[PDB]
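Undergrad: My questions all concern the structure below.
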Amino acid sequence: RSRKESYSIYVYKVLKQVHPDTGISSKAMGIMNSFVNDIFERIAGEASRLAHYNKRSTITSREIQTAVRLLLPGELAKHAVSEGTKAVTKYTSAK
Amino acid sequence: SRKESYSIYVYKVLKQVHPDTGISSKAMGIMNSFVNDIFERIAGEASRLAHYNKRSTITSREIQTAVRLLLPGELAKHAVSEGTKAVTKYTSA
Amino acid sequence: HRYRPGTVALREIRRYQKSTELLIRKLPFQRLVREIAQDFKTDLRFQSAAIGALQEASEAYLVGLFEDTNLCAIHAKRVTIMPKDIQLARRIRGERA
Amino acid sequence: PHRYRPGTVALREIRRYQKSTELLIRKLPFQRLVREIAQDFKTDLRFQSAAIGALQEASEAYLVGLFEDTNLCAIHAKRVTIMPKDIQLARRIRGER
Amino acid sequence: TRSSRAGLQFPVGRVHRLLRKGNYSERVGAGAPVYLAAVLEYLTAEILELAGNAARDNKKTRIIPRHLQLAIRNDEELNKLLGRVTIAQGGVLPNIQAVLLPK
Amino acid sequence: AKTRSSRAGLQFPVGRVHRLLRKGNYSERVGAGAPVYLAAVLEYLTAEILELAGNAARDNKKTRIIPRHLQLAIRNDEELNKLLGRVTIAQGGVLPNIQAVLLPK
Amino acid sequence: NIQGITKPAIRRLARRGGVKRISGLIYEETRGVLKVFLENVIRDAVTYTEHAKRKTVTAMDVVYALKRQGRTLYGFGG
Amino acid sequence: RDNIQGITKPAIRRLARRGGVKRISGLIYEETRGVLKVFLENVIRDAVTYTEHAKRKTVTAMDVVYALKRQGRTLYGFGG
DNA sequence: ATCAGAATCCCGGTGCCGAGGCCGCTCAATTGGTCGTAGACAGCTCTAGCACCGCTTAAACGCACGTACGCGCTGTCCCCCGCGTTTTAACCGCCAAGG
DNA sequence: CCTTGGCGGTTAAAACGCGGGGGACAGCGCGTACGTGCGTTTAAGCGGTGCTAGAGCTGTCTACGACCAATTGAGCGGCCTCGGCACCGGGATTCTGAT
């Protein structure tokens, strides 16, 4: 009876944010729950490689910023890093 | 500083296996770079295995399973046969 | 009426790329898996999800390998494939030396 | 001083390339190519001689393996000469573009 | 969730714990989880931005496993990410060869 | 005796692997028997390499092991070469191979 | 057994991959092409079963096998 | 500048021969240049990016080894 | 162009069992106190990199002789595909264990 | 409580011949360019030699995110209504073959 983490409504919420009217069937949820976490694992492994190679035991926000640019093309990673930095700045400035 | 490697460990192992054949230290660095990648792969595999079982530490059984996972049947069998005596002798002394 | 051998073949080529329906039945795949796995160990219980995932992966792999084989044949400017085509397809990837 | 038919010294030359281990590529041209390529990324940079030697050796090994792949494709195609389309087929199978 | 005050849908705590549960490093800054969650949210946003469009193109609103896979292969950057990994019931984009087609 | 390595008849140091696992953050808890086992694993791993290196040494009637000798040794065998499929030896070279079509007609 | 795969099944598979005609000696290889391709994968899985310490193979051992072999599958808990 | 074409044709011919090829076509060299451009691009981006993450503007030998190991090109004899 | 032959595709009509909004619990996400430590700035050394510069040769470009393998005809022979007839067992719906 | 075994049965997944016909593929007619030797050029190959610019390492700080202890409400686990999309017959047609 373990309440394991999933993307049941996270996908639905971000879907509403990107598309007010679009449904997704649970068979596609089976794809997403694995694919999103696997991209997460890819990024986490790249960050671990960056931290271990430069002899760092403490990981800051700068590791992922360029780990994405290594893991993604420049065009795709540029928007990602811009949005991530903006979100971090907004979170810091807010409460 | 103290840069620990198997520079003389590999020499002693060679002397045990083929003492009449020499090597060069460039081959020693080659073996170092080899065992570095091998150890990184082994550590990753064992970490994933322990995570699958939700384990915080790595025991000899997990290492044996990883040896079977990575090394071929002959090589894994040889490694297990050589390593069981290792822990057996380590228990006594 | 009777068509050329290849018109229906190209119809099949076009249609099979928009259908994910499994060609070979699951029982032969189970027979293969069980017979091969009997070598390693007995008492192996293959749940339905694992069988389905492995079946889909095998079918996708075979379709991709056939695509590489056809690409090599096109490189050889031929329609009918030859054993060296699939040999090269599995050779270039590095799985075969 | 006599001239031989095609294939006599060429294969010998191939042996001269395969038996030997030192870098057949001359150093400074590829060094300046690396300089120019990296200068397009960020200006006023300094690159270590040990690093550029490792890069050149890696490039040589990658190229020789790539021409091994091209040879395999050409043999599968029933030809002796290698062509760019052999590499075009091989790279797409390997997945590097 | 502190992701609500961060302008992020994906909760920060799950990313932070998954980093801590995965034992990828001894210490992690506060920026790494929020930044990673933002990156994942943006990545899935482009996933759903094309997935919704693909669903709407077929006079459809619900998304099937076939609907997502095409959007993966429709791109070239997204295809680069999922280059050697196959998705179940995903298949391949249609492709017809002219040399195979009759004259 | 006193040293852990020499007590159990293992030349490779258990302490090196133990220290790597501990200060590598791979896991919060790090075993002691597992480094003991992996020390012997690495010992046999290097012993096999030095086993075929000696045989490749007399192929050219040479004693110093050079990258050419390593490429002549490791690549010919199967298990290590397949496990090291993405491994290249610096300044080593390739095995002398002549393909079937390499004769003029 | 080894020849349990039927010829028209391979013929339709080649149609799916885009092959109009198949030479005579290819078929015997084709069936084998799957076998080892499965073998290596399950060559991991049974070993994962040894790590699984369970007589029943869950759907996550095959996820391990496909992750290590390079053919990871999504959609079905992968 | 323009050293991508500055790679000598006989060098590419020697590499192709070392790839065990008996007859060498004149279009092989240009295709080799085009492929090697991107092949060097990937590894240079990887290594220089590893250097950049460490707040360095001079790339050492170790970052090259790390990037090659990540890409699957671990290099012996140079450290690593 | 000038006929036919099947087989898809939309339109009208039919289902459907889980998709999506909602009940609930409940424990992980989130937040107020506390610490310590490797991240972090700055400086000494320095050392191999950058660059210049002096003395030297197989490699690079082209000129020139030859024939033969790749490219296009020239059959050539052909063996699995559409079509035709024939075999069979797979798995939704059922039962049971069973572990 | 999900996972394993076992009958219903009957039409689709094969399962094996017949005609065959464009294509796979082994021989001929024909070219230029690559093998190969060499004329000519040289720019790199090898090696002193000074300037140096942040990396390696160490002096000197130190901010805030990991450990603790406490509160809640997001979201996952599940449950009910009906519906977005799968699916079967009738026209529109949409491919192609043989002449």
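What you see of chain H is 24-103, where the numbers are those given in Swiss-Prot.
So this one's electron microscopy, 3.3 Å, going by the header.
Heads up, the Cβ atoms here are built off N, Cα and C, so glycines get one too.
What Swiss-Prot records for this protein is below:
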type	residues	note
CROSSLNK	H:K32	SUMO2 cross-link
CROSSLNK	H:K32	UFM1 cross-link
CROSSLNK	H:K60	SUMO2 cross-link
CROSSLNK	H:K80	SUMO2 cross-link
CROSSLNK	H:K92	ubiquitin cross-link
CROSSLNK	H:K92	SUMO2 cross-link
MOD_RES	H:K32	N6-acetyllysine
MOD_RES	H:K32	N6-lactoyllysine
MOD_RES	H:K32	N6-propionyllysine
MOD_RES	H:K45	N6-propionyllysine
MOD_RES	H:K45	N6-butyryllysine
MOD_RES	H:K78	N6-lactoyllysine
MOD_RES	H:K80	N6-succinyllysine
MOD_RES	H:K80	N6-propionyllysine
MOD_RES	H:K80	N6-(2-hydroxyisobutyryl)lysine
MOD_RES	H:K80	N6-butyryllysine
MOD_RES	H:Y89	phosphotyrosine
MOD_RES	H:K92	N6-(2-hydroxyisobutyryl)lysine
Undergrad: Calculate the distance in Å between the alpha carbons (Cα) of H:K78 (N6-lactoyllysine) and H:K60 (SUMO2 cross-link), and round it to a whole number.
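TA: Per the Cα atoms, H:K78 (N6-lactoyllysine) and H:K60 (SUMO2 cross-link) stand 26 Å apart.
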Undergrad: Cα distance, H:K92 (ubiquitin cross-link) to H:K60 (SUMO2 cross-link), nearest Å?
TA: 20
Undergrad: Would you kindly determine which recorded positions in the set H:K32, H:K45, H:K80 have their Cβ under 8 angstroms from any Cβ of chain F, listing them in sequence order or replying 'none'?
TA: H:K45
Undergrad: According to DSSP, collapsed to three classes, what secondary structure does H:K80 (SUMO2 cross-link) have?
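TA: For H:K80 (SUMO2 cross-link) - judged by DSSP and reduced to three states - the answer is coil.
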Undergrad: Taking only the Cα atoms, work out how far H:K45 (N6-propionyllysine) lies from H:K32 (SUMO2 cross-link), in Å, as a whole number.
TA: 16
Undergrad: Taking each of H:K45, H:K60, H:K80, H:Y89, H:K92 in turn, which of these recorded positions have a Cβ less than 8 Å away from a Cβ in chain A?
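TA: Listed recorded positions passing the 8 Å Cβ cut to A: H:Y89.
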Undergrad: Round to the nearest Å and give the CA-to-CA distance linking the residue listed as 'ubiquitin cross-link' with H:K80 (SUMO2 cross-link).
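TA: Between the Cα atoms of the residue listed as 'ubiquitin cross-link' and H:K80 (SUMO2 cross-link), the distance comes to 21 Å.
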Undergrad: Given H:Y89 (phosphotyrosine) and H:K32 (SUMO2 cross-link), what distance in Å do their CA atoms have, once rounded to a whole number?
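TA: H:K32 (SUMO2 cross-link) has its Cα 31 Å from the Cα of H:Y89 (phosphotyrosine).
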Undergrad: For H:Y89 (phosphotyrosine), list the number of other Cβ atoms lying within 10 Å of its Cβ atom.
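TA: If we count other Cβ atoms within 10 Å of H:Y89 (phosphotyrosine), we arrive at 21.
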Undergrad: Which ones, out of the recorded positions H:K45, H:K60, H:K92, lie near enough to chain B that their C-beta is under 8 angstroms from one of its C-beta atoms?
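TA: Near chain B, the qualifying recorded positions are H:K92.
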Undergrad: Just name the most isolated of the modified residues H:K45, H:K78, going by other Cβ atoms within 10 Å of its Cβ.
TA: H:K78
Undergrad: Cα distance, H:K80 (SUMO2 cross-link) to H:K32 (SUMO2 cross-link), nearest Å?
TA: 33
Undergrad: Counting every protein chain present, what is the number of Cβ atoms, excluding its own, within 10 Å of the Cβ of H:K60 (SUMO2 cross-link)?
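TA: I count 11 other Cβ atoms within 10 Å of it.
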Undergrad: Just how many other Cβ atoms lie inside 10 Å of the Cβ on H:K92 (ubiquitin cross-link)?
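TA: Around H:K92 (ubiquitin cross-link), other Cβ atoms within 10 Å: 20.
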Undergrad: When the number of other CB atoms within 10 A of each residue's CB is tallied over all shown chains, which of the recorded sites H:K32, H:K80 has the maximum?
TA: H:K32
Undergrad: Using DSSP and three states only, what is H:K45 (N6-propionyllysine)?
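TA: Once the DSSP labels are grouped into three classes, H:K45 (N6-propionyllysine) ends up as coil.
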